[PDB]
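J.: Sharing a structure, written as structure tokens. Questions coming.
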Amino acid sequence: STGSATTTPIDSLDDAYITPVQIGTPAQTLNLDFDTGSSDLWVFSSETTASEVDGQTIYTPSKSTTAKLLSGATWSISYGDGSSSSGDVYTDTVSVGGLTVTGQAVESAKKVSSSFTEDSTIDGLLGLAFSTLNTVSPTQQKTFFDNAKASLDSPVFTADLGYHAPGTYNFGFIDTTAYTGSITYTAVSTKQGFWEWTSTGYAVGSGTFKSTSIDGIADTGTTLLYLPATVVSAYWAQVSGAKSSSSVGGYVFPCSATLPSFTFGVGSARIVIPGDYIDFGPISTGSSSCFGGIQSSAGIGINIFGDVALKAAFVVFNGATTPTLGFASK
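Numbers 1 to 330, taken from PDB author numbering, label the letters of the sequence shown in order.
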């Protein structure tokens with residue numbers, strides 16, 4: 001089997017991407033944030049505290065003839081941005097782009113933090129990291145990809161995120177029309193539960209490539225590119241007027257600037273992020289100070305190849321017995 005679904009930016013900045021997902025019988029379609037940095041499929045629901053729902057579409061398990069309470073199971077998750085959610089668990093039928101899993105754990109939110117409530121466009125998350133990170137207790141549950149893997153034509157999914165445009169998540173096949181050149185594969189460590197790999201270095205604009213190992217994670221659920229302070233300083237030093245602002249929470253730059261590109265290494269191959277992809281617009285409405293799309297990871301504990309980086313590439317998440325990651329230009 002295979003599946004193919006379009007993923008769409010939630011706003012004009014590409015702050016995140018939503019993909020429609022069919023849950024239950026008859027189908028209830030929710031727009032979920034596919035997140036290769038976590039491993040829980042959770043949704044706004046008829047059980048979510050009413051004051052914490054503001055425009056989202058909800059899953060109502062009582063209206064699904066295939067829903068079943070997973071007795072005793074609870075979940076609770078906290079994300080790197082300080083947001084969180086928690087609740088109980090049903091199993092139900094879940095379909096993405098024509099690919100159907102029966103018995104998928106659907107984590108029903110009883111509580112969500114303010115940032116989820118405040119984002120009316122995201123109805124929940126669909127985790128695509130390794131199932132060892134799933135938070136369901138006392139019986140950990142499998143991701144959608146883990147459950148579908150055996151049925152797929154090939155045990156892979158691909159992320160093709162658009163810049164200010166829709167893109168595609170495919171399951172079970174590699175669309176050879178969706179990228180240019182060849183796909184360069186690189187090793188993955190699953191020891192932390194992430195799609196964790198080592199970039200071979202970077203360049204800023206037309207500058208020379210610096211060969212240096214950068215361990216980080218491929219994370220479709222993080223907006224920006226978070227890299228070591230040395231790398232980020234070298235990038236922003238090429239932008240007149242750019243500075244790190246403690247009050248804003250990262251590097252800012254004059255909105256009148258033209259930003260240089262940023263290149264990262266994948267083995268001997270190179271992925272070029274155009275400068276425009278690094279512009280996240282005014283820090284507040286009407287400001288001439290703009291927020292940078294490359295930020296320091298020094299306070300995180302891990303480097304994060306988020307959407308800024310991934311949307312410059314066609315990315316293969318290879319879930320073979322030994323997982324690997326593939327990157328191609330497009």
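All C-beta atoms in this analysis are idealised placements derived from N, C-alpha and C, irrespective of residue type, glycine included.
Is it the case that the Cβ atoms of residue 167 and residue 35 are separated by a distance below 8 Å?
T.: Their beta carbons are not under 8 Å apart, which means residue 167 does not touch residue 35 by this criterion.
J.: Count the other CB atoms within 10 Å of the CB of residue 107; is the residue buried (16 or more) or exposed (fewer)?
T.: Label assigned to residue 107: buried.
J.: Any idea if residue 310 is buried or exposed, counting beta-carbon neighbours within 10 angstroms, 16 or more meaning buried?
T.: Buried.
J.: Quick one: residues in its chain with C-beta nearer than 6 Å to the C-beta of residue 48, no 5 flanking neighbours on either side, listed in chain order?
T.: Around residue 48: 109.
J.: So is residue 192 buried or exposed if we call it buried at 16+ other beta carbons inside 10 Å?
T.: Exposed, since its Cβ has fewer than 16 Cβ neighbours within 10 Å.
J.: Is it buried or exposed, residue 142, if we count other Cβ atoms within 10 angstroms and call 16 or more buried?
T.: With 16 or more other Cβ atoms within 10 Å, it is buried.
J.: Does the ligand GDP have a heavy atom nearer than 7 Å to the CB of residue 87?
T.: Although the ligand GDP was asked about, the structure shown includes no ligands whatsoever.
J.: Would you call residue 414 buried or exposed, if buried means 16 or more other Cβ atoms sit within 10 Å of its Cβ?
T.: There is simply no residue 414 to check, as the chain begins at 1 and stops at 330 in what is shown.
J.: Alpha carbon to alpha carbon, how far is residue 125 from residue 297? Give it in angstroms, no decimals.
T.: Rounded to whole angstroms, residue 297 to residue 125 spans 23 Å at the Cα level.
J.: Where does residue 236 fall in DSSP's three states?
T.: Helix.
J.: Less than 8 Å between the CB atoms is what I'm expecting for residue 171 and residue 3, so what's the real figure, rounded?
T.: Between residue 3 and residue 171 the Cβ distance is about 4 Å, and since that is below 8 Å, they are a contact.
J.: Of the choices 249, 225, 181, 260, whose alpha-carbon is the least far from that of residue 284?
T.: Residue 249 is the option with its Cα nearest to residue 284.
J.: Assuming the contact rule is C-beta atoms closer than 8 Å, residue 219 and residue 304 should be a hit. Round their C-beta distance to whole Å, please.
T.: With 8 Å as the limit, residue 219 and residue 304 qualify as a contact, their Cβ atoms being about 5 Å apart.
J.: Give the range of the alpha helix (DSSP H) segment to which residue 117 is assigned.
T.: Taken as a continuous stretch (DSSP letters only), the alpha helix (DSSP H) holding residue 117 covers 114-117.
J.: Terminal residues of the continuous beta strand (DSSP E) containing residue 156?
T.: Note, residue 156: beta strand (DSSP E), 156-160.
J.: Going by DSSP, which residues form a beta bridge with residue 305?
T.: Beta-bridge pairing links residue 305 to 218, 225.
J.: State yes or no: is the C-beta of residue 178 within less than 8 Å of the C-beta of residue 330?
T.: Yes, they are a contact pair.
J.: Is the beta carbon of residue 8 less than 8 Å from the beta carbon of residue 54?
T.: Not in contact: residue 8 and residue 54 (Cβ atoms no closer than 8 Å).
J.: Assuming contact is defined by CB atoms lying nearer than 8 Å, are residue 43 and residue 96 in contact in what I supplied?
T.: Contact flag unset, no.
J.: So the beta strand (DSSP E) residue 145 belongs to, where does it begin and stop?
T.: Where residue 145 is concerned, there is no enclosing beta strand (DSSP E), although the alpha helix (DSSP H) it sits in stretches over 144-148.
J.: My output table needs one value for residue 265: the three-state DSSP class, helix, strand or coil.
T.: Residue 265 falls in the strand class under three-state DSSP.
J.: Hey, would you say residue 308 sits closer than 8 Å to residue 227, going by beta carbons?
T.: No, the pair does not count as a contact, with Cβ atoms beyond the cut-off.
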